[PDB]
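Working notes, structure below.
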Amino acid sequence: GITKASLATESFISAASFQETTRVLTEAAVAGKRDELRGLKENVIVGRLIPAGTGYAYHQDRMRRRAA
Amino acid sequence: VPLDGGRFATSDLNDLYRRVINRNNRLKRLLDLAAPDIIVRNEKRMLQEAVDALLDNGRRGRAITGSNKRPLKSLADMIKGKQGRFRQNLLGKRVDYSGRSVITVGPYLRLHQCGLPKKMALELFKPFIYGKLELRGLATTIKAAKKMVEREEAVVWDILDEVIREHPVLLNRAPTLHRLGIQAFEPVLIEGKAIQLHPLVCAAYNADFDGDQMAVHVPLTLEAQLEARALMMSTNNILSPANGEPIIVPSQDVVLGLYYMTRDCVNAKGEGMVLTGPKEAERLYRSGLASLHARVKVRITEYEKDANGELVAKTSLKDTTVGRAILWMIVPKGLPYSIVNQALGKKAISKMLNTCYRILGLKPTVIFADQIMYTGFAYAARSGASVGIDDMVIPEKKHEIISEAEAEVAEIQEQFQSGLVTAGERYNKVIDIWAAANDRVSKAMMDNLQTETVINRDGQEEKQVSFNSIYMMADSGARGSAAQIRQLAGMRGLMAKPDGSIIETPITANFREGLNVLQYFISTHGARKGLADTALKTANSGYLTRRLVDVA
Amino acid sequence: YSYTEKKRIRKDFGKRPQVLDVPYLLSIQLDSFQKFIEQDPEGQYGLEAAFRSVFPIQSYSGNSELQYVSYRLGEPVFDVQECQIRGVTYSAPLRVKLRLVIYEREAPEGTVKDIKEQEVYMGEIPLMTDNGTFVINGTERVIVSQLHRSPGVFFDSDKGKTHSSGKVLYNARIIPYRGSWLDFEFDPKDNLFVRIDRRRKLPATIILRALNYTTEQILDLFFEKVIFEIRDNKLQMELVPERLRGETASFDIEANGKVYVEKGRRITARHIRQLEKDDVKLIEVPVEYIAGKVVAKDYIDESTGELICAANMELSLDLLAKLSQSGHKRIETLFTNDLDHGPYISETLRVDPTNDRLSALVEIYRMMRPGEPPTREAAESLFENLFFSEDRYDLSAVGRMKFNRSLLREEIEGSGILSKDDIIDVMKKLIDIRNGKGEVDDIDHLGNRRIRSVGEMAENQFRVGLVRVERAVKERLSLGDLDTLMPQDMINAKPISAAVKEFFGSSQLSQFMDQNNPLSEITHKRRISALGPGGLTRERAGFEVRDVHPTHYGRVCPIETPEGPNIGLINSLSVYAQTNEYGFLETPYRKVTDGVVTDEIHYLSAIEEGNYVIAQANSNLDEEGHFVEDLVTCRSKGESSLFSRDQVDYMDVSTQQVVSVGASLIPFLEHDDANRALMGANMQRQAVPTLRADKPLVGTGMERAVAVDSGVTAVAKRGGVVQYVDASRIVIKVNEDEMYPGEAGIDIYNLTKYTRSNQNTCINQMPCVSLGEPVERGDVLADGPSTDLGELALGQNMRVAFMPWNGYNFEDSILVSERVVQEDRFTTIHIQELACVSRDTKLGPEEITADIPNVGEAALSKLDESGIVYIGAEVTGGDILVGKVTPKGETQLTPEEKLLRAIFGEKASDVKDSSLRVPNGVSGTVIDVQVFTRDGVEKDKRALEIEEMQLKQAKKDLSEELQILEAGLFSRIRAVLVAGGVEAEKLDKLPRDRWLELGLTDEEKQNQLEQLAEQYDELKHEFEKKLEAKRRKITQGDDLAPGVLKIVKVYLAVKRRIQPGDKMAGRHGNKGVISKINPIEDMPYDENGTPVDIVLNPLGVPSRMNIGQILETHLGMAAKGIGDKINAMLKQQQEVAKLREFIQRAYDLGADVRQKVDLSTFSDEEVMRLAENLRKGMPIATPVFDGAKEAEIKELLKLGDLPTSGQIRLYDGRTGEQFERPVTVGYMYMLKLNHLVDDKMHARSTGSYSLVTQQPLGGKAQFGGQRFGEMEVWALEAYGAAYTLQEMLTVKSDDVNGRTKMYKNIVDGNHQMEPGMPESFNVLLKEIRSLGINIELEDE
Ligand SMILES: [Mg+2]
């Protein structure tokens, strides 16, 4: 469902900001997760350009000047 | 932190941290005294429950409350919930360069512009005015400029008129259910305190002018200004993203004016003349020599796109009305005359705008939509289209339809007394013969409403579609359904109990007649149910939209 | 008719005669609080009941006791106006006589050593004012009544919402007034479960074993015994015939003759009836029939003694064979079948683990107090204090009544506590309902929901405070200080004060009074709330509690409820609805005895109402009272149907019985859709009082009732002659008929002049009367806000045209003429209070002064030498009202500004300007200044001159009232001196005062003369000490907050003219916002050149089916058309014969209307005064559901020489050409709502930020930012607006370094941002690390 699919994302920041913040932060803490900030919510939380729209070019050259 | 009256305000975390420290220091003390171990175990349990209340208050046991009998806000409550860090401070914020006011209508505006009060703009654009006052030498210092803007000298209004010039503002109406709830507009400085919204964008905002407020936001950077101009401007937002239908579309007054203009009367003044073009039709209408509905013969030149992008003309005498020829003057060139040679309701105008968009593109379409709005407003004004009590024409045979259904319900009641039917089929028969009588009253009312202009053509009577105002508002799609004309002029019909089960005696009255006390009470039964649904389903729809956004 | 009502008579179109007068509308509040504070000789109501509930207090000893004798409410220190000025509660001291009675140690009687009896002070009780409000901390508050669930037992179910099988599971709930809840319920397997305080469920037989019932006693309570009286053989069995109703035929029955029914045929009614024709008592049964039955007793042997078979064991061949060796004569057995007598109690005795009383008490203890090892004494006392202790459980008088009534008991009185019988009867009735012998309760029925009002909630909170002091008094009496203490040493007034202070100031039902207009106030006072302490929560209130129940008819308005999240949770009392002695709403009905509808009125509650057939009030009835019809429409059982005229028992007393007071004021409500009528009722009480009040031309006739039953008017207490009228006072010389002996006979009415309401509107009273005019008792003497000659006038009568005008009334916009603004029709006065508080700070005291740094002499132009603005000063935004400076220090100059002050030598200020300024955009007039100075602080010249003015005003007011009253006394003395022993010219020869020295011949004359002399001396010495009381209360110091040295309150009066953005509305839910103010030559105009005032859109009418706004328009054009005629006759100066004739024609019009106005009774001066009051339109009353019919509207249009179509030919003001169709022009009553665009418009570029997160603050009071919430962020993400979004998130709200860089970049003309991290993300990281969690940015 749209709640269990949005809580099962690979990003603990967006899942913790959606709902069930305690469960998400607990499983992410004991699993030692790492959030690469690839979606829109995680770049909104952290005050960045979103990877969509006019921030799509910025993220592309952020990832091709990191994979090089 | 000290409050204004010398009192202090504190966080609940200080209470929780103090409790943890106090129980920890007492545990250290007891371990120094070598207390009996029942006392040390108790202090360890208390330190554990204090640390638990600090981290998450209320998971294990009862929530610790402090000095209100209100539970203390723990560290976990700071970051979770609708009022946690994430949802209240990180996923949405309160912003600077933002104002708010009641919206009014400006029907003179162009689609890309809003009306912004000068008092609001002088505050929202204040560092821009400071910069342009220091730059133009009118102020020696940002404090001199600040005092100029406080005194509101005559030159800060010129500075303000040049700082807002090509600078869009975002206008937002809550709830922002979709992305057309934020649109960018070029401001026109007005003298009121109310924002003037273009009519054609109200359906995108779900806004009416009965007390709605909208927020204004100023894009600060050049990138934000160019996104407001290139992505969010209302002239980019004429199609819906949910479905490719036009969302900046005429409504209410515009479609009533365009419908009244494009209708035809049988013996209207100036019928049967032959006109050299739409300009002659406008001359004859304005000089009072022909009626807007006079069916007439006009030489119309219409352009069509060939296989190439070229626009080739054809000229012919069309059998049209004066008002359709007048409306043809605002239609862009690549469109056919059949797009206006009919009475234009809401659907026809929406399809006309969609046709203009697919054939000619966005620049002719925004000009066309503005011209359509101006023309529909003008000719709804010219019409004098009022609503009176004699417009709710009740069918003359409604009383006998109700008497016949009453006779049928009486004979079914006597059949139930005579044991021919049980209560179930008896009740269902009553419901059926009242729904049938309601459909009979509705058909009689609509038949007496929709064509009852009888009109003389060279002496002979003829039926035409009705120029009744209630009917014209319903038929144009401006306001009103047939289901509501039924309640005005027919009967209100069967009502449901709060259980959902139908009350077996309907409202045989309409709103033109009165409802009596009992009819009105059993109508409020369902009026409140609908209002409570509206009040309680916004939370469910917002929760579903939030789950959908967060999954996608 | 009156003197105030034949000034201007409203033409009534109602046709049904009024049998019951509309009651006093504020009886709910006043009656409830009177029951609270009055001296009840019995202990039933109020403070007496609360005192007797706890007293006598006896310690854990026999030595002493504290008993209660009496109570007394002292005089309030300040009256209600002084309390509003000083910001203090209007309350009365509660002085209670207590008696500390000391018994000596050892006697069989325990007689008294002594009694120390004296008066203790326990708390102040907030007093209710004359109009049903409380002044609490200076502001007027209303304690809203509460609709809560009545106490008693309620039988309910869930209908297939459990066990996934659609099985309905029943439950019973005993709800006390105070105590624990007791729930019985059925599980999906038909076992009965008890549940105490919503905790875990135990089997219901555990609470039966906690009571001393054995399993045998339980089984004889809940069952009836099949007897097998088995003879030597052949298994003889007792049988009554109705026990085999629907029985499965396990055997053929042969007795008193051979077989009636063979095998394979189940028993129908003919078999039972022929078997009882045979009168069969004893039947031979097979052995396999008893195998499976349940024995009802403990059968033990007499050979060995121990148990053969226990109670409630399924009997078999084996156990019957066992008892057969023991030779038992009779063996009992539970009679159970399916669907008529269930096994549930036995099947519950099989599931519980308990076998005796101790184990049951222990299981209850483990459920109530888990993890605590139960001892026998604690297990016994927990249960005995759960429901059977008077001090812990109260099923109150209403709860006992509803309990007994629900269990079909005869008596309605009882104990407040449960008994074995009560609990058994509840279980038996739940079992009945399970077995199909009952029906579940409707909990939304208004026989099940009860009204709890201020006088009861206040009593409950007082009893809470009384038990809080009772524990401490019982604790103090246990100490050996017992022979030297008085009762006022052990009484602490602070807990008792705290309980009532918390109720009156902090309850959810103690609400800031809605004071927009009179309708707002009486709607607030007649409000019922399901919310509150002991009620519902608006978040978990479902769809079914928010519904219009059929029992709401006549008791609760179905229309007036708010439209938001609490809809149907906040209700409004109906016009005639009153409350039972038990708290249940009742409504009045006319008794129909013989088909004749009597004028005898019975108030029926919702339980009683359903028993009878009740005819509507729309039912026609002839002169003798009989129905003219013989098949009447009625409500019998919550249904509605047609009945014969001999079946009806009652009739509605009015057509407006069903609606509230707010919906009673909407004309043609029956033609409005109910949603729009809801909106109109809600918006009528948001209307703002305008400069001049304008009666409705189309009203309903409830206007006088609303305006008088609110205290906004000055109403004549006694009739008389206006002796002196003046804008601030009315002085009535009372008629000799209404005077008491020994009295001046002068009523003085001091009018409220330009004070602010709770909503910052203006409260101003203007006299209606003229000098020398006769008044009767109950006449309106002065108009309040929004009343016009004693009629409620909420808006103005505007000439509307319904037509679309150039898009300016698009989508509910309103186009207003410029003449509406020139004529100040919707100009409203708003009064703001602004306080400047000078405090002690740590750096020194703040100082009110005119010497302000960095402020020129121009900005201190309207401040006096004390630094306070002058009264009458026209100020605007930014003007200093009170100049104040705060001492500061350690300026810590930057080196650049240090050099700056080295070059130009300018000293730095040791104080900072902390002045009180006018808020920006606000431009008013200073109308009042109050200075409150602390004791020990020296009053400045302004405080001294304000206090000198106050002292002269107190002395002047008192000497003026003494001059008036002594003039009245001496007029009475001169009248009684010429009444006998006439001195008619000698009295003017004598000096004025020494008429009191005239000994007169006393038949009765000298008695009256001497009591008049005594009254005069008492008036003089009453003035003399009221002067000193006033002087001491003026010159005394103020009890300011700690730290506060002085407060200066400035009062600004702001005239707000109407402007685009102001919300305007009609009474029919037709709200809208002004879009344009159009020049007069641009408005549409008729043949005579008269322009329209307001153009409304006709498209808002047919979809929002509020047709009553069209009819109100058509009638409003007719009403005005009468005035337009009368006006002409007054300008042509026609004779009074012609005016009298035309006005009689206008009042006689109508189809069998109930009112008769005969103008032949009127004198010519009275006719001319009436005609002068009718020249601006004849006002018209259109009762709800009894209103004007459309034919009568057309007849009145015809009388005023208007088109009966209601539609005229209009011309365009801009082009001069006709609109092509006729336009509905008329007069609608428009209202200006308190949603003014001056209060709404707010903008901000930068400002203050929050502490923890550094984001902008909230409101326009805080000069705050707009919430760019989550959905707006999604809207920007749906565009590609990544840079707009990034500057919303970082640089506009939280990025602290980036936002000042952004400001400097904007000022330098460089529109670029350097965005960093939001500060709330750093707060988030620090708060996740304050958990045990290492959250970290991977900085690679
Ligand atoms: Mg709205």
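Residue names in the structure tokens use chain letters A, B, ... in the order shown, residue numbers from 1 in each chain, and ligand numbers from 1 in the order shown.
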
Which residues form the shell of 9 Å around ligand 1 when you count only C-alpha atoms and all ligand atoms, given as a list in words?
residues 206, 207, 208, 209, 210, 211, 212 and 213 of chain B; 812, 1071 and 1072 of chain C

Please, could you write that set of residues out with N, CA, C and O atoms as a CSV table (one decimal), in the first residue's frame?
```csv
chain,number,residue,atom,x,y,z
B,206,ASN,N,-9.8,27.4,-7.0
B,206,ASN,CA,-11.0,27.1,-6.2
B,206,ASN,C,-11.4,28.3,-5.3
B,206,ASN,O,-11.8,28.1,-4.2
B,207,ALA,N,-11.3,29.5,-5.9
B,207,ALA,CA,-11.5,30.7,-5.1
B,207,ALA,C,-12.8,31.4,-5.5
B,207,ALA,O,-13.2,31.5,-6.7
B,208,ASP,N,-13.6,31.9,-4.6
B,208,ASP,CA,-14.7,32.8,-4.8
B,208,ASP,C,-14.4,34.0,-4.0
B,208,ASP,O,-13.6,34.0,-3.0
B,209,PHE,N,-15.1,35.1,-4.3
B,209,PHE,CA,-14.9,36.4,-3.6
B,209,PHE,C,-16.0,36.5,-2.6
B,209,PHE,O,-16.8,37.5,-2.6
B,210,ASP,N,-16.0,35.7,-1.6
B,210,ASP,CA,-16.9,35.8,-0.5
B,210,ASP,C,-16.2,35.8,0.9
B,210,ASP,O,-16.7,35.4,1.9
B,211,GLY,N,-14.9,36.2,0.8
B,211,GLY,CA,-14.1,36.3,2.0
B,211,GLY,C,-12.8,35.5,1.9
B,211,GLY,O,-12.1,35.4,3.0
B,212,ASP,N,-12.5,34.9,0.8
B,212,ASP,CA,-11.2,34.2,0.7
B,212,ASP,C,-10.0,35.1,0.7
B,212,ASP,O,-10.1,36.2,0.3
B,213,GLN,N,-8.9,34.6,1.3
B,213,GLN,CA,-7.7,35.3,1.4
B,213,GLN,C,-6.6,34.5,0.6
B,213,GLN,O,-6.7,33.3,0.4
C,812,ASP,N,-19.6,36.0,-6.4
C,812,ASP,CA,-20.0,36.5,-5.1
C,812,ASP,C,-19.4,37.9,-4.8
C,812,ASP,O,-19.5,38.4,-3.7
C,1071,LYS,N,-23.4,35.9,1.3
C,1071,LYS,CA,-22.2,36.7,1.6
C,1071,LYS,C,-21.5,37.1,0.3
C,1071,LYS,O,-21.8,36.6,-0.8
C,1072,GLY,N,-20.6,38.0,0.5
C,1072,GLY,CA,-19.8,38.5,-0.6
C,1072,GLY,C,-18.8,39.6,-0.2
C,1072,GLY,O,-19.0,40.1,0.9
```

Residues near residue 427 in chain B, anyone? I mean within 10 Å using only C-alpha atoms, not counting same-chain ones fewer than 5 positions away, as a ChimeraX atom specification.
/B:409,412-413,416,421-422,432,502-504

Quick one: pull the distance between CA of residue 457 in chain B and CA of residue 267 in chain B, Å, one decimal.
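Going from CA of residue 457 in chain B over to CA of residue 267 in chain B, I get 5.7 Å.
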
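Atom pair CA of residue 4 in chain C / CA of residue 657 in chain C: separated by 26.5 Å.
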
Set the distance at 9 Å and use only C-alpha atoms: which residues neighbour residue 193 in chain C once local chain neighbours fewer than 2 positions away are removed? I'd like the list as an NGL selection string.
:C and (183-187 or 191 or 195 or 201-206 or 348)

For N, CA, C and O atoms, I'd like the residues from the last selection saved as an mmCIF file, in the first residue's frame.
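Generated file (again22.cif):
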```
data_model
loop_
_atom_site.group_PDB
_atom_site.id
_atom_site.type_symbol
_atom_site.label_atom_id
_atom_site.label_comp_id
_atom_site.auth_asym_id
_atom_site.auth_seq_id
_atom_site.Cartn_x
_atom_site.Cartn_y
_atom_site.Cartn_z
ATOM 1 N N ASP C 183 -19.788 -1.661 32.589
ATOM 2 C CA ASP C 183 -20.240 -2.120 31.286
ATOM 3 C C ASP C 183 -20.459 -3.617 31.334
ATOM 4 O O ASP C 183 -19.582 -4.355 31.770
ATOM 5 N N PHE C 184 -21.626 -4.065 30.916
ATOM 6 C CA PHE C 184 -21.801 -5.458 30.554
ATOM 7 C C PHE C 184 -21.853 -5.562 29.045
ATOM 8 O O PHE C 184 -22.230 -4.618 28.367
ATOM 9 N N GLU C 185 -21.454 -6.708 28.517
ATOM 10 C CA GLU C 185 -21.430 -6.854 27.069
ATOM 11 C C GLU C 185 -21.476 -8.327 26.709
ATOM 12 O O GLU C 185 -21.237 -9.197 27.541
ATOM 13 N N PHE C 186 -21.805 -8.594 25.453
ATOM 14 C CA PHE C 186 -21.811 -9.946 24.920
ATOM 15 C C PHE C 186 -20.636 -10.129 23.977
ATOM 16 O O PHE C 186 -20.350 -9.259 23.152
ATOM 17 N N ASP C 187 -19.960 -11.258 24.101
ATOM 18 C CA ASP C 187 -18.935 -11.655 23.151
ATOM 19 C C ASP C 187 -19.582 -12.365 21.975
ATOM 20 O O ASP C 187 -20.765 -12.707 22.017
ATOM 21 N N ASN C 191 -21.343 -15.066 25.670
ATOM 22 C CA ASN C 191 -20.992 -15.018 27.079
ATOM 23 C C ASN C 191 -21.064 -13.575 27.546
ATOM 24 O O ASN C 191 -20.715 -12.653 26.811
ATOM 25 N N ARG C 195 -17.053 -5.226 32.673
ATOM 26 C CA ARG C 195 -15.881 -4.420 32.393
ATOM 27 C C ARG C 195 -16.015 -3.119 33.169
ATOM 28 O O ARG C 195 -16.988 -2.385 32.991
ATOM 29 N N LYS C 201 -11.983 -7.122 30.243
ATOM 30 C CA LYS C 201 -13.268 -7.678 30.611
ATOM 31 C C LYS C 201 -13.104 -8.973 31.385
ATOM 32 O O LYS C 201 -12.332 -9.852 30.999
ATOM 33 N N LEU C 202 -13.821 -9.072 32.485
ATOM 34 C CA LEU C 202 -13.988 -10.301 33.226
ATOM 35 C C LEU C 202 -15.340 -10.894 32.889
ATOM 36 O O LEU C 202 -16.227 -10.181 32.416
ATOM 37 N N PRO C 203 -15.535 -12.195 33.084
ATOM 38 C CA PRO C 203 -16.877 -12.758 32.919
ATOM 39 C C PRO C 203 -17.848 -12.144 33.909
ATOM 40 O O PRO C 203 -17.508 -11.898 35.065
ATOM 41 N N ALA C 204 -19.071 -11.892 33.441
ATOM 42 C CA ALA C 204 -20.027 -11.110 34.213
ATOM 43 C C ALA C 204 -20.454 -11.798 35.494
ATOM 44 O O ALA C 204 -21.043 -11.151 36.359
ATOM 45 N N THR C 205 -20.184 -13.087 35.636
ATOM 46 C CA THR C 205 -20.531 -13.776 36.865
ATOM 47 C C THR C 205 -19.519 -13.532 37.969
ATOM 48 O O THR C 205 -19.798 -13.863 39.123
ATOM 49 N N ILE C 206 -18.367 -12.942 37.645
ATOM 50 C CA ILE C 206 -17.398 -12.570 38.668
ATOM 51 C C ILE C 206 -17.931 -11.423 39.513
ATOM 52 O O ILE C 206 -17.771 -11.408 40.736
ATOM 53 N N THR C 348 -21.465 -18.585 30.826
ATOM 54 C CA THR C 348 -20.523 -17.650 31.422
ATOM 55 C C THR C 348 -19.976 -18.179 32.740
ATOM 56 O O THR C 348 -18.796 -17.992 33.046
#
```
